[PDB]
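Should a chain be cited, it is by its letter among A, B, C, D, E, F and G, assigned in written order, with residues numbered from 1 in that chain.
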């Protein structure tokens, strides 16, 4: 335990020195054996779901819950959790005269979750009878939503 | 006596630790939605008015704390000195009851008054804590509906389940502001400007720190009260375009109402909803649990379930502790067989046990008390004392048999008169010794009673019974096995 | 060993007196509680997204904490509350008798696996990992008899003279202030902001 | 209580430098409860000692013979606290109740020891010093086996029950300690006192 | 073995809520080895008796 | 971003937060000459090849 | 200490039975592994620059 702790203490002595991309992708400190205990394979008999689908499911329903169990020091997933993939097209980007930077920024602008306070929160004027939170821009949820950005 | 002992044992209710008057108790205040701070304050003031006016003789100080959030409230009630609160009519058991009865009146305010569950977070009694899981991508609406289904079906079985309710909050109206992006770009305003203005005006913003009298504190920017109390006030705000023209919010933002939960709950990562509830006054927490697990199976596909807190107790008593009792009994029999060098003779000692349990059970039952930890340690104490009392008699007699050669029919009664006086001494002395415990009035009295009664009754009965039974216990065992 | 002590009384007296001295000492140094520590360890992480709503809070703070929460020793269960007041409270419960210190440490280690994933507003408002009981020990009220200072003033004072010093004392796992420390408040006026044409 | 006692320490360093009108109040204190709990247990302990002394004098009508079990009470009780420190137990409610219960299973051993010698003197007229040899040599194995079986009824309750079972352990150890101590005293102190004090 | 025994516990809480076609397989299990090891030692113990 | 992909921000898929990666399609990052297929926007408004 | 137990058999029986019960318990609660933890502790830090 301590032998992991001191390590992470000294790690976060240089976290702000790491690139922003690395910090976002996040580091990870573990204390595990180099040998696997057991491997739990998940297959599809109906042929309905491909390996990426299965990997997503076992990443979003199984891995996150199994790994929480004590004694389990490191679960290496044999796949990848789902992620919204934007496959750019340079020809059409140059056609409309756009850079990947414009796309990035457009995503960070139109796909965000903003804090927008409450209708008559604290403090209020005397005699207020209405107090409700306010919703503004929320995250996006589907392919189509990123489609019409 | 054995039969009556069993009957009194299964008829007697179960408990863990008694609610002791701690001189202080709490009062919970929950309001609807959204319920402004003013309403909560009014309710808290009604409460304080009650505790200060309708109960001056007992209540000393009411530290009411409005906060987190607007619709919640909590009061820490302190009482006067125990010696200044005589009788049951001044203890927390009556104060909280009378108070909550008086709080039944209050409209649109779930106001309750309750006493501290013994110690810290050891409130591992009083019902259960069923948790409902969103085991799939169902969302929040269908989870609300499923929880509604469970809460609806659980009110149709009031014969083995009760007080079925959620613990979190119900959906409240929310204000959606649709920022039309196209119009925002067309008018030449920055979206960052929009979101920043909105969040800073309506939600405040941590800018940077400042120094107040040597100490660093924060600097928050936020709209004044007057311009963030009503929906139309959204229009009062203007953001600066790219050119130099100021643009109203109504120009690009389309506002509307909606519905959202104000206390989202998650269990083990997945979205969840907490459901509280008690067991029926007759049934056990276990059967309530089983019923709940049978009702939650009737739920739509994707909605799982799990037990947490005082439901992850866990396992099992009384359903395993009798194994502790059993192995202890076995070990005792062994050591007894070691001392007596007989497999039969120790039975004369073993049969003395129910002679004391029958006293604890009678005492506990004829006082409204309950089988708890104190009652059980008093029970073990009782059976150990009675065991001692018997053991000395049988050992004396067997000494009279294996040293002199006197037959049992003489050696027994000869040894009993050689043992009668000390038995009576120890007995009477210990019975009078625990008398202060059973007599205890106020201040940790529930505990001293729970320890006192069972011990005294058990001791009396054990010492008035074994004194006639043990001499018979031996001769029956001795004859039958030789 | 009777008839040896029976022949030498003062020896037995010495044993008994030594015993009584040992007990006499051990009744001074020994801590006086009500019950032993029975409740399971409960490490709690707490955050606050200023001016946010429940879903905004859960989807951008809570969920991004829960996922990184794994590989932690003797974890029983994790329950997280996301409030519309802009607040996350995740209460991890550990096995009975588990080393509390370590049980807090591993938690914070896994927390700072996702700190740069949190919003800038949250990081600035700062998260907080504690290891405390859900029941309050004692509550120290501070009042004003002269009527000179209001509740906000008193709260400021007890926040800038008392809370910061009391909380440093060992054994104290979490001091919940019943007020708010002072802060420079800028109450904007949209009419005059638009008048001079300012955001 | 260490914490709530350190609170007043860290707080009395602020009281003098307080502004005009600040008064501290305590509207919630779950500390004097444990105080007038443990105190109210010590009270019943003393009273039990007194009443035991009274029954003793009611039977064995000698003012020095009744001192023998009286003396043998704090000896066994104090010594328990020492063992409770040597295992890591605290002077809580449970422990104290364990002592109050241990009283009887102390005075039983004591009374057997004294009264058997008394009887032997009233039936053989042996000089106390010899009568007590001939008596201890008659009840020794009885007392030891009694220790074994009583410890056998109490010990297995220390296991295990988790949260609920911790209490059972608190009682078990506190009681068995006082048992073995009561018997050690029953072979060391009590025979010696019944040899040098009895008339 | 506590870990690999707790795995099946945390896993049987997912089996019912699985989609149409998902089947779990165990292509690597260094757990029944220790089982039919210690068991095969107890066996020789008995036989020795 | 084109050749190595980029972690932009998160999004919400069926209640669970996941990531959003931007990255060129496969066809335009397989060969060296494809470097030339990319254009960046200058300060004036003209697109400039790599 | 032979001829004392030789004179009192049931005593020895009690000792042996107590022993057998202790072992009977300690074979239930005791963890069943293949070998003890022999490998040295290995703390691993991991990062990824996309």
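Throughout what follows, contacts are C-beta pairs under 8 Å (C-beta built on N, C-alpha and C of every residue); 3 or more make two chains touch, one makes a residue touch a chain.
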Of B-C and C-F, whichever chain pair has more C-beta contact pairs: B-C
Most widely separated chain from subunit C, with each centre as the mean of CA atoms: F
Where subunit A and subunit G are represented by their mean Cα positions, the distance between them in whole Å: 46
Interchain centroid distance [CA atoms averaged], subunit F/subunit G, Å: 61
Intercentroid distance (Cα basis), subunit G paired with subunit E, Å: 22
Distance from the mean Cα position of subunit G to that of subunit C, given in whole angstrom: 39
Subunit C: positions in contact with at least two other chains: 34-35, 38-39, 50-55, 59-60, 63, 66-67, 69, 78, 84, 86, 117, 121, 139, 141
Subunit A partner contacts - residues on subunit F that touch it in the complex: 1-2, 6-14, 16-26, 28, 37-41, 45, 47
Of subunit E, residues touching subunit G in the complex: 1-2, 33-34, 37-38
Complex contacts: residues of subunit C adjacent to subunit B: 34-35, 38-39, 42, 50-55, 57-58, 62-63, 66-67, 69, 76-86, 121, 124-125, 133-135, 139, 141, 160, 178, 181-191, 193-194, 197-199
Interfacial residue positions of subunit A with respect to subunit F in the complex: 21, 24-25, 60, 81-91, 93-94, 97-104, 107-108, 111-112, 139-141, 146
Residues on subunit A engaged by subunit C in the complex (per definition of touch): 1-2, 4-5, 8, 12, 15, 20, 23-24, 26-30, 32, 64, 67-75, 113-118, 133-135, 138-139
